[PDB]
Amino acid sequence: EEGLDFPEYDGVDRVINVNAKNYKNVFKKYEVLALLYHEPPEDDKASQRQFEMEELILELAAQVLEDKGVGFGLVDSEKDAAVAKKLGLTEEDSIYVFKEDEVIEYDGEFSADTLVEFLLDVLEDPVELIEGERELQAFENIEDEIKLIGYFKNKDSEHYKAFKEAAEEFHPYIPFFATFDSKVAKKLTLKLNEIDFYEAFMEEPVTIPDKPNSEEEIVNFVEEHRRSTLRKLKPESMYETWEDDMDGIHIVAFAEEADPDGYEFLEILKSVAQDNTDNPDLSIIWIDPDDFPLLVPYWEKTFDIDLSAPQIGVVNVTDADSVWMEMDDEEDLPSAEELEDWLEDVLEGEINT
């Protein structure tokens, strides 16, 4: 016999050199197009190696997604300046994703797995319809991201169309769900044309006021409620989340969800978030170390902590200086009240913002 190999990177180049002469053709060919806006080659070996790596990561993603009609291209900030201008490419060494009439400024991990998962998400339709019990339960079980759900008469409702337009503005980062089924709406407690917004990790939704809602009303509401009290650092959005600091610091909690102590600590964090949900000055970033294996050594060294145990601290975004709460693993984890008390102590006397 033979034994067929697992798929492997084949070393065939698929990433397109996008330029003035071909960019129109390239957009016609692909339903989803990912473009890396990058700088011309520097004379130093290090920067050249960095670009070499990035381009190869794109090549791998390009091979994986070839059959699904996702295209990958490079736009040189000098050689292709006019193209960049026309497409709105501004952020140096950054990935932009195009689908129909939407442009996405990718602000996530530059890795093949993360990029492929993201682009697969981009390919999906912007609104998820709930009809069956399995789908409803799936909706209800989402906690680690903001989600919206609306009840409409049918797909031809002017108000469903507005909801879908809003959904496209945030696709694929914020899931929008709809139902046309009165029995599903009843379980969700939605009146016709009502839209419920669920903050991450919050049990109770907030209804968008003044229904029926225009596209703008929905987009306005989502933008105002973009930052959850507790938010998870996710590969797909990590840079956006981190760059959104609270007056120069982040409260950061490490917890491994799959670990007994990590799970318990997460439940405590959720309680803290719930009890402070209307405090616009509070945002905690939850990082599950299991999601970022390549950063664990760095974090353990930089923060001087053991990531096999739950941690909570405050980090200065300018220099990564930090302070972490002492917890004895021979004792029970701190209560939500204890955590809040500690945060108050640290943020009151050690913050001159």
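Note that residue numbering follows the sequence shown and begins at 1. Here the rigid core means the biggest group of C-alpha atoms that line up within 1.5 Å when the two forms are laid on top of each other.
Comparing the two stretches 226 to 234 and 100 to 108 by root mean square C-alpha distance in 4 other deposited structures of this protein, with all structures fitted on the core, the more displaced one is 100 to 108. The PDB entry records a higher mean C-alpha B factor for 73 to 81 than for its counterpart among 113 to 121 and 73 to 81. Between 206 to 214 and 277 to 285, it is 277 to 285 that carries the larger average Cα temperature factor according to the deposited entry. Within the group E199, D156, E194, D181, the record's highest C-alpha temperature factor is found at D181.
Per the deposited record, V103 carries the highest C-alpha B-factor of all listed residues (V103, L230, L266, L190). Residue-level temperature factors show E257 in the lowest third of its chain, judged at the C-alpha atom.
Among the modelled residues of its chain, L58 has a C-alpha B-factor that falls in the lowest third according to the deposited record. When the modelled residues of the chain are ordered by their C-alpha B factor, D328 lands in the highest third. Per-chain ranking of the deposited C-alpha B factor places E39 in the highest third. In the PDB entry, a CA B factor belonging to the highest third of its chain's modelled residues is recorded for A46.
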